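Values below: all heavy atoms of this structure, side chains included; hydrogens, waters and symmetry mates excluded. Just so we're on the same page: letters track the sequence lines, and every chain starts at 1.
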Amino acid sequence: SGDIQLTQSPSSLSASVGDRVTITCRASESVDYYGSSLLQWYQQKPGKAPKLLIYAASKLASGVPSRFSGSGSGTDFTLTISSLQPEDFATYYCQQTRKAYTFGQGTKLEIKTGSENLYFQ
Amino acid sequence: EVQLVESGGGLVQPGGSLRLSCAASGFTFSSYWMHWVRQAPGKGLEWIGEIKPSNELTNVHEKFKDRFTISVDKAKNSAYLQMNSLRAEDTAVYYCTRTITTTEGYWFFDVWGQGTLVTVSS
Amino acid sequence: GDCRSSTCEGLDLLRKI
């Protein structure tokens, strides 16, 4: 398809409250236009509609906490969540508006409450 | 308050057809581009197409052009998605949403409906 | 000014500012 493809990394991740997490988004071609990067980040809570967090790669949507920050240009973008909060656990999508409308495959962010077991024998 | 409410979802046999509705409220419709976006269970988000109610200009993605049609009823402030010859790959949550433009010129989906599930059973 | 889509309109308005 002639669409601008968006590939997110990782596919899923877990972290604890207070941790800093990063989610990346790579575009198949530049999403830039006249010095702007037409890249949005959406947060989707289970069973709910996506909610805009970031637009134009780095601009915070109204009412969105400052702990969410967006960076990058051209074909490479990053969503950074400094100091995770319990309500931040959801599926995150990057989204581009340079050519029609496409979304990344999504990155599921889950809360880590306990440690991973040590499978030693 | 700006709101979008979808209805019409359900279980459909392959080759079947279905019409989804999107009732808009808290804004007059006509000015905005209205969109249909779907999300397959446990998967990503896929843009279907758009409609400008005022002039009924429509752009459906190439992938859906032959079976999916977008229409409006300006009297009912509603947008519709007519889905024909449904296949297993059409099983998804279907959302209607709108694009808005900021003072700086950036446009994006701001308000979405709650979604309606379409399941293509055997 | 031959747009016919939200993308065309969006790019046209953004470029003008």
Name the option with the most non-hydrogen atom pairs under 4.5 Å to chain A; the candidates are B:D110, B:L45, B:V37.
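Maximum pair count with chain A is reached by B:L45.
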
As an exercise, state the distance from [atom1] of [X] to [atom2] of [Y], rounded to the nearest 0.5 Å.
X      : Y      : atom1 : atom2 : result
A:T91  : B:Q39  : OG1   : CD    : 8.0 Å
A:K48  : B:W112 : NZ    : CH2   : 15.0 Å
A:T97  : B:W47  : OG1   : CH2   : 12.0 Å
A:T102 : B:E46  : OG1   : CD    : 10.5 Å

If you check every heavy atom in [range] against those of chain B, which residues fall under 4.5 Å?
range                       : result
residues 107-121 of chain A : none
residues 6-32 of chain A    : none
residues 54-85 of chain A   : A:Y55, A:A56, A:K59

Close approach to chain A in residues 78-105 of chain B, criterion heavy atom under 4.5 Å:
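Under the 4.5 Å heavy-atom cut-off, B:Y95, B:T99, B:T102, B:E104 qualify.
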
A:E87, CD: over 12 other non-hydrogen atoms inside 6.0 angstrom
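Counting other residues, nucleotides and ligands, CD of A:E87 exceeds 12 neighbours.
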
Can you confirm whether more than 12 heavy atoms, excluding those of B:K43, are under 6.0 Å from its NZ atom?
no

Option that, when pairs with chain B are counted at under 4.5 Å, heavy atom only, ranks first among A:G104, A:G106, A:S36
A:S36

Could you tell me if the ring centre of B:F109 sits under 6.0 Å from that of A:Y101?
yes

Is chain A contacted by the side chain of B:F108, its backbone, both, or neither, given a heavy-atom distance below 4.5 Å?
both

Does any backbone or side-chain atom of A:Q105 lie under 4.5 Å from a heavy atom of chain B? Answer side chain, backbone, both or neither.
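A:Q105 touches chain B through backbone heavy atoms alone.
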
